[PDB]
Amino acid sequence: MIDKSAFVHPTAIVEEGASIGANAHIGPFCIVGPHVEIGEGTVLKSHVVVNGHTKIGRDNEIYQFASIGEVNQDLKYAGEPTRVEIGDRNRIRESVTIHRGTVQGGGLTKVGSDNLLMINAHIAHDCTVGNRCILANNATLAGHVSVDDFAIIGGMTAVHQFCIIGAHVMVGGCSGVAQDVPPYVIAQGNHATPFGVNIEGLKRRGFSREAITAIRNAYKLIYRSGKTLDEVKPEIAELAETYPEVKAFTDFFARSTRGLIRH
Amino acid sequence: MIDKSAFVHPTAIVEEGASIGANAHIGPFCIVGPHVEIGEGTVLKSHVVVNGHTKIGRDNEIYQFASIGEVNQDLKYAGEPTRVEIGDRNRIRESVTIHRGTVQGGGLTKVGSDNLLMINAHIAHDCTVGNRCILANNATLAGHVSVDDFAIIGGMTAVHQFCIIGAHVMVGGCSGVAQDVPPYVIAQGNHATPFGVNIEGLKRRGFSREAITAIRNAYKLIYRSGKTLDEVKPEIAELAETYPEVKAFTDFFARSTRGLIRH
Amino acid sequence: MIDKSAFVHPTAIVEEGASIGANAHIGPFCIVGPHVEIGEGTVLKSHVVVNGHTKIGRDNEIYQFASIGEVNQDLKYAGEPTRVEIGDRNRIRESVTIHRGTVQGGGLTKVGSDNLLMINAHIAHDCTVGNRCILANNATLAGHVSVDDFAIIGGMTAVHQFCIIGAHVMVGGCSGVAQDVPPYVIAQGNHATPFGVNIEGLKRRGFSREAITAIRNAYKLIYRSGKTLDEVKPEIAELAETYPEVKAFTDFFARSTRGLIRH
Ligand SMILES: CCCCCCCCCCC[C@@H](O)CC(=O)O[C@H]1[C@H](O)[C@@H](CO)O[C@H](OP(=O)(O)OP(=O)(O)OC[C@H]2O[C@@H](n3ccc(=O)[nH]c3=O)[C@H](O)[C@@H]2O)[C@@H]1NC(C)=O
Ligand SMILES: CCCCCCCCCCC[C@@H](O)CC(=O)O[C@H]1[C@H](O)[C@@H](CO)O[C@H](OP(=O)(O)OP(=O)(O)OC[C@H]2O[C@@H](n3ccc(=O)[nH]c3=O)[C@H](O)[C@@H]2O)[C@@H]1NC(C)=O
Ligand SMILES: CCCCCCCCCCC[C@@H](O)CC(=O)O[C@H]1[C@H](O)[C@@H](CO)O[C@H](OP(=O)(O)OP(=O)(O)OC[C@H]2O[C@@H](n3ccc(=O)[nH]c3=O)[C@H](O)[C@@H]2O)[C@@H]1NC(C)=O
Ligand SMILES: Cc1ccnc(-c2cc(C(=O)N3CCOC[C@H]3Cc3ccccc3)n[nH]2)c1
Ligand SMILES: Cc1ccnc(-c2cc(C(=O)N3CCOC[C@H]3Cc3ccccc3)n[nH]2)c1
Ligand SMILES: Cc1ccnc(-c2cc(C(=O)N3CCOC[C@H]3Cc3ccccc3)n[nH]2)c1
């Protein structure tokens with residue numbers, strides 16, 4: 001149903017069955033399929049395509065020429081009714097593409113809240129983007145990629161399938177990420193390698209001096225101690241007993257499937 | 001003429017003279033010029049611009065915000081009535097651009113069949129794309145580039161004008177190709193350099209063990225023997241007398257104008 | 001007001017207050033906001049969004065899926081009524097984005113005349129593009145970037161915020177520019193470094209043999225003499241006393257805020 005307080009431009013095509021929330025705005029020449037849900041206050045500026053089984057939260061801003069919910073580019077996909085979930089207060093800029101999941105990959109592409117997806121960012125099938133992330137222009141995720149909370153990916157950068165971009169990471173522009181990036185790390189290059197802790201980001205986000213020091217010491221265990229990852233894992237868990245922020249490493253290690261980026 | 005079994009959305013603008021085949025589908029807000037031919041079963045999803053002297057085959061899927069047949073970006077082009085040809089069963093994704101040829105370059109941009117052109121791939125004037133190719137997101141061909149059968153070009157990769165991407169090549173993502181890539185080769189980097197034979201691709205495509213061995217031996221002649229290309233050409237032709245797959249090298253050498261990528 | 005000789009397609013939406021000049025053409029499914037001025041003879045092909053306080057000159061060609069005047073991507077921007085200015089005879093290709101300024105950055109994004117902005121080029125808030133420039137496909141300017149007269153930026157290349165791309169520069173494709181590029185220089189790489197003087201460009205643009213020699217000698221002072229920039233500045237000014245073309249260096253040095261690209 002279309003809420004009586006939603007605006008649907010006369011040139012937009014909203015198919016029967018679409019759910020449009022209160023005070024939403026569907027601009028001219030938008031197309032909205034019958035399995036789409038658009039939350040309260042969300043705006044589709046103009047020339048937006050939203051289709052598939054796709055749920056969009058509240059107060060989103062989706063700019064012209066974006067394609068949300070579309071058939072993914074995985075040759076394995078065969079038209080199965082997979083899904084997209086998008087949270088609240090995202091800014092989804094011109095030409096962004098967010099594609100539906102695959103059965104093989106779990107059936108769901110998910111984006112959280114308060115993200116900024118810049119022009120022509122690409123969220124492939126089965127990706128999971130967290131909250132407060134930034135993808136700069138042309139940032140490109142292959143299928144099954146995770147971008148964890150607060151992570152930032154610079155312009156022109158691409159991420160290989162299944163990689164994890166950890167929480168509070170900063171990936172430089174013009175980079176190619178082929179392995180997993182631990183939380184709190186700065187990464188850059190082709191292929192991307194680690195350049196220490198994202199100290200300034202943690203500072204601005206309220207991390208204490210003690211937490212940042214512990215995170216720097218965990219970084220040193222991984223990349224400067226010379227031990228194997230299997231040796232350092234319990235040392236990082238031990239450190240997390242005192243500084244809970246360090247637990248992000250433990251949680252990341254359990255999800256990592258491609259190994260860590262390294263010098 | 002518009003076939004009686006084609007669907008033309010009421011908001012689409014199909015100019016008189018366009019030819020639309022049986023069971024084709026022209027979605028909302030598409031524009032189709034008077035010299036366009038769209039084959040049987042081809043679908044333009046929505047918001048597609050097709051113009052120029054442009055022939056499109058059957059069972060193609062062309063997604064929103066694509067521009068097919070448009071004026072090319074060569075400053076030498078002056079509006080002459082050049083052409084685009086596109087074959088059958090292509091998947092041409094959001095924002096792909098395929099531009100018309102130039103008189104200077106032969107007048108024709110051509111794409112074969114069963115290709116996958118991912119989001120914002122660019123096929124410049126006078127390019128020739130074969131069959132069963134893949135161009136990943138943002139893959140960008142300058143003018144006059146050839147992409148031969150089964151070749152794959154990774155995300156964010158660009159190819160300098162006139163280069164040949166040989167048959168069954170795999171070019172990595174985040175790469176810049178400045179010279180010609182022999183058939184069967186893996187290439188990666190900025191600028192791209194060769195990394196051996198695309199063994200896994202040949203395996204999956206039915207090449208025999210003997211053919212792959214001969215191709216590996218031809219690769220060694222080119223890049224490991226230390227001889228000049230002029231010395232190895234007759235040695236490769238000799239090898240092709242027994243293994244016909246090796247003839248692809250000979251045919252490629254005759255077309256190559258920029259020299260081969262090298263370490 | 002809409003000039004009586006302008007064409008406005010029946011499907012276009014031109015908001016009351018927009019100014020459309022003589023013999024302009026607003027194609028199907030374009031949107032033009034109430035504070036837009038479109039000059040005499042300018043063409044919006046189709047599916048173009050123009051909004052904000054945006055002035056566009058005469059004889060421009062703006063292709064489908066372009067977004068001109070749109071809200072910028074700077075998180076600091078809060079909706080203030082900033083501006084875009086675009087000159088004459090520009091070719092602005094599919095999916096180009098040109099964004100409005102920020103109060104913090106001066107309030108104005110400006111593009112001159114006779115530029116070629118290829119597919120998906122991005123002109124961020126507060127950028128200044130001069131005359132006769134070329135941005136190739138996917139060339140991406142962060143905020144506050146200057147691209148001076150005749151400069152060319154190759155495909156897939158991105159420029160870090162506040163950088164200056166000097167007059168008659170040629171930046172290669174697949175490059176990342178993190179510092180300022182002096183006039184007349186060839187730059188390439190990630191990050192971009194200098195590769196001598198753009199001799200061929202100067203030749204084609206009518207520079208005398210004496211002027212090019214002096215420019216080459218100024219280049220040598222900067223990058224080959226081994227002196228500091230502070231030592232060479234007066235030596236370059238001295239050279240400019242005889243060869244006025246060398247003054248471009250002096251003017252550039254006074255604007256440069258990020259240091260020069262270097263080997
Ligand atoms: C420096 C880092 C640069 C990163 C650049 C990233 C750019 C990403 C652009 C967005 C793409 C995204 O929307 C879709 C996506 O990632 O899909 C794939 C899907 O996430 C994956 C897992 O589920 O599976 C697929 O990728 P794979 O590479 O695993 O597929 P495949 O094994 O079927 O191989 C695809 C083609 O490559 C050929 N091949 C494969 C291996 C080889 O060694 N040589 C070779 O030629 C093979 O013949 C086949 O034609 C999927 N692809 C295809 C084309 O189906
Ligand atoms: C690591 C690899 C990265 C590759 C990145 C590729 C990105 C491709 C994006 C798609 C572009 C495609 O759609 C169109 C295309 O490739 O067109 C050109 C056409 O294929 C070509 C041949 O026919 O001719 C043209 O390229 P050239 O470089 O050969 O043209 P030109 O000789 O006229 O030079 C163009 C400008 O460069 C200036 N120049 C040239 C040489 C030099 O040394 N310095 C210089 O400034 C010169 O003044 C002029 O303003 C054409 N261009 C132009 C702008 O007209
Ligand atoms: C090899 C070169 C590659 C270059 C690639 C260029 C790609 C450009 C794509 C076009 C973007 C353009 O349209 C907009 C633009 O450039 O805006 C910014 C604006 O020009 C700038 C100045 O006025 O200010 C902003 O950039 P900054 O990086 O200066 O912003 P910030 O200081 O607010 O930091 C942004 C985020 O980065 C986080 N951060 C910052 C520093 C750090 O060390 N770690 C970190 O995580 C920080 O927490 C915050 O969430 C603006 N950004 C944002 C996101 O607001
Ligand atoms: C020397 C250097 C090396 C590598 N990358 C860069 C680089 C990336 C960007 C970029 O994409 N953006 C987005 C627009 O907001 C401005 C900026 C924020 C950002 C900075 C760093 C990483 C990720 C995002 N700008 N410069 C610079
Ligand atoms: C370590 C490494 C180095 C260089 N490039 C990559 C790279 C490229 C891609 C990519 O574009 N795609 C398209 C989407 O299908 C998945 C994948 C298929 C492909 C793989 C390799 C080359 C070309 C295509 N993914 N990773 C990885
Ligand atoms: C070996 C090499 C190294 C780095 N970059 C390249 C490179 C860039 C381009 C490119 O973007 N274009 C735009 C389309 O017009 C053709 C060409 C003009 C141009 C040339 C050089 C710099 C900037 C523009 N082509 N090759 C080549």
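Numbered from 1 within each chain, the chains take letters A, B, ... in sequence-line order. Counting starts at 1 for both ligands and their atoms, in listed order.
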- Item | Any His125(A) heavy atom less than 4.0 Å to ligand 1 | yes
- For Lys76(A), atoms of ligand 1 separated by under 4.0 Å from a heavy atom: 21 (C), 22 (C), 23 (O), 24 (O), 25 (C)
- Task: Can you label the angle between the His168(C) ring and the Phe150(C) ring as parallel, tilted or perpendicular, going by 30° and 60°?
- Result: parallel
- Heavy-atom closest pair, residues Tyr63(C) and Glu94(C): CB-N, 3.6 Å
- Distance filter under 4.0 Å to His122(A) heavy atoms, resulting ligand 1 atoms: 10 (C), 12 (C), 13 (O)
- Task: State whether the side chain of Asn72(C) and the backbone N or O of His99(C) hold a donor-acceptor pair below 3.5 Å, judged by distance alone.
- Result: no
- So CG of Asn120(A) and CZ of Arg93(A): to nearest 0.5 Å the spacing works out to 13.0 Å
- Quick one: look at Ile152(B) and ligand 1, take heavy-atom pairs under 4.0 Å, and tell me if it's side chain, backbone, both or neither. side chain
- Non-hydrogen atoms of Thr140(A) versus ligand 1: any pair closer than 4.0 Å? yes
- May I ask whether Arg205(B) places a heavy atom under 4.0 Å from ligand 1? yes
- Item | Passing candidate, side chain to side chain donor-acceptor pair (under 3.5 Å) with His122(B), options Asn138(B), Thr140(B), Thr97(B) | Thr97(B)
- Nearest non-hydrogen protein atom to atom 55 (O) of ligand 1, with distance, is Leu75(A) N, 2.9 Å
- Task: Below 4.0 angstrom from a heavy atom of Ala124(A), which ligand 1 atoms are there? Numbered from 1 as shown, please.
- Result: 12 (C), 13 (O)
- Message: Any side-chain to backbone donor/acceptor pair from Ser175(A) onto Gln188(A)? Under 3.5 Å, distance only.
- Response: no
- Task: For atom 16 (O) of ligand 1, decide whether some protein heavy-atom distance is shorter than 4.0 Å.
- Result: yes
- Query: Any N/O of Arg204(B) closer than 3.5 Å to an N/O of ligand 1?
  - Reply: yes
- Message: What protein heavy atom lies closest to atom 6 (C) of ligand 1? Include the residue and the distance to one decimal.
- Response: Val159(A) O, 4.0 Å
- Item | Protein non-hydrogen atom below 4.0 angstrom of atom 52 (N) of ligand 1 present | no
- Message: Any nitrogen or oxygen of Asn198(B) lying under 3.5 Å from a nitrogen or oxygen in ligand 1? Just yes or no.
- Response: yes
Per-pair distances, ligand 4 N/O vs protein N/O, less than 3.5 Å:
residue, atom, partner, partner atom, Å
ligand 4, 5 (N), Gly173(A), N, 2.8
ligand 4, 11 (O), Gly155(A), N, 2.8
ligand 4, 26 (N), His160(C), ND1, 2.9

- Give, for atom CD1 of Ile153(B) and atom CD1 of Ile134(B), the distance between the pair rounded to the nearest 0.5 Å. 10.5 Å
- Item | Heavy-atom pair with the smallest gap, counting every atom of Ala187(C) and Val181(C) | CB-CG1, 4.2 Å
- May I ask you to check whether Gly143(A) has an N/O atom sitting below 3.5 Å from an N/O atom of ligand 1? yes
- Are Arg132(A) and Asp149(A) close enough, and set up right, to give a salt bridge (charged side-chain N to carboxylate O under 4.0 Å, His left out), and what steps lead you there? CA-CA 6 Å; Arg132(A) 294 285 185 181; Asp149(A) 289 347; over 6 Å; no
- Side chain or backbone of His144(A) under 4.0 Å from ligand 1, or both, or neither, by non-hydrogen atoms? side chain
- Task: Might you point out which heavy atoms bring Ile98(C) and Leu117(C) nearest each other, and give the distance in Å?
- Result: CD1-CD1, 4.0 Å
- Task: Could you tell me if any non-hydrogen atom of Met156(B) lies under 4.0 Å from any atom of ligand 1?
- Result: no
- Item | Minimum heavy-atom distance between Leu135(C) and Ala121(C), given as atom pair plus value | CB-CB, 4.0 Å
- Task: Could you say whether the N/O atoms of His99(A) and ligand 1 ever approach to under 3.5 Å?
- Result: no
- Query: Got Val197(C) and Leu202(C) here, is their nearest side-chain heavy-atom distance under 4.5 Å?
  - Reply: yes
- Task: Give yes if a backbone or side-chain nitrogen or oxygen of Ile134(B) is under 3.5 Å from a nitrogen or oxygen of ligand 1, and no if not.
- Result: no
- Task: Ignoring angles and geometry beyond distance, decide whether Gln73(A) reaches within less than 3.5 Å of ligand 1 through its nitrogen or oxygen atoms.
- Result: yes
- In terms of heavy-atom contacts, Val49(A) and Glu70(A) come closest through CG1-OE1, 4.3 Å
- Looking only at heavy atoms of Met118(B), does any of them come nearer than 4.0 Å to an atom of ligand 1? yes
- Taking side-chain hydrogen bond (donor to acceptor under 3.5 Å, both in side chains) as the test, write out the residues that go with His160(C), two or more places apart. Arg258(C)
- Give the atoms of ligand 1, by number and element, whose distance to some non-hydrogen atom of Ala158(A) is under 4.0 Å. 4 (C), 5 (C)
- Heavy atom of protein inside 4.0 Å of atom 35 (C) of ligand 1, strictly below: no
- In the protein, what heavy atom is nearest to atom 28 (O) of ligand 1, and what distance, to one decimal place, separates them? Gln161(A) OE1, 4.0 Å
- Taking side chain as C-beta onward, heavy atoms only, is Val129(B) less than 4.5 Å from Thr109(B)? no
- Task: Can you measure from OG1 (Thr128(A)) to CD1 (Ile123(A)) and round to the nearest 0.5 angstrom?
- Result: 10.0 Å
- Give the residue and atom name of whichever protein heavy atom lies nearest to atom 10 (C) of ligand 1, and the separation in Å to one decimal. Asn137(B) OD1, 3.3 Å
- Message: Using a 4.0 Å heavy-atom cut-off, which part of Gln104(A) comes near ligand 1: side chain, backbone, both, or neither?
- Response: neither
- Item | Any residue meeting side-chain hydrogen bond (donor to acceptor under 3.5 Å, both in side chains) with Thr193(B), in chain and number order, not counting sequence neighbours | none
- Message: Regarding atom 40 (C) of ligand 1: of the candidates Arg93(B), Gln188(B), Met170(B), which has the closest heavy atom?
- Response: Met170(B)
- Looking only at protein heavy atoms, what sits closest to atom 2 (C) of ligand 1 is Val177(A) O, 4.0 Å
- Evaluate the ring planes of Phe162(A) and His144(A), with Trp represented by its six-membered ring, and classify them as parallel (under 30°), tilted (30 to 60°) or perpendicular (over 60°). parallel
- Message: Restricting to side-chain hydrogen bond (donor to acceptor under 3.5 Å, both in side chains), what partner residues turn up for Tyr219(B), sequence neighbours left out?
- Response: none
- Is the closest N or O pair between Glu200(B) and ligand 1 shorter than 3.5 Å? no
- Nearest heavy-atom contact between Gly259(C) and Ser256(C) is N-OG, 3.9 Å
